[PDB]
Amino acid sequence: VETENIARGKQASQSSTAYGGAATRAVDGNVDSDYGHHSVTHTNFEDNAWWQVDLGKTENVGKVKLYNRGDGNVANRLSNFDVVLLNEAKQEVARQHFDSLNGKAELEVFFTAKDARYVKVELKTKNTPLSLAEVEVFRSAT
């Protein structure tokens, strides 16, 4: 995959915002996973919490990398979730499910050359906030 993180600085949004956890903190170019360092997002405790970045145009995506929150012993809030790729009309072009990160600070998701404008993370769990230290997105090679 290419090395340019194309998610950086792009428009981000999420299902709701709590504890000041702006959606843009996931694309601010800082993977620091301590919530107190202000670079981790946070939605409400709600069902099917989601976060999304708009790449701004359609890109051939090969890799999406999630960085989990690392403080407060609440890492397992990022579990039972999908990573979704949508085209410009916001239809799904790819979707992968994950049970867990297994205590890892990060997850690399590889997509098979998918042409997508939006990258979404969706929890499938009830009454759980979504918190991401960073989401990085990389174009397929060549």
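Sequential numbering from 1, following the sequence displayed.
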Mean C-alpha temperature factor, higher of 94-102 and 79-87 | 94-102
Name the higher of the two by mean Cα B-factor in the PDB entry, 34-42 versus 69-77.
-> 69-77
If you rank every modelled residue in this chain by C-alpha B factor, which third holds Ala49: lowest, middle or highest?
-> middle
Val135: CA temperature factor from the record, placed by chain third, in the lowest
Taking the values exactly as deposited, rank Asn127 by C-alpha B-factor within its chain and report the matching third: lowest, middle or highest.
-> highest
Which third of the chain does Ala113 land in by C-alpha B-factor: lowest, middle or highest?
-> highest
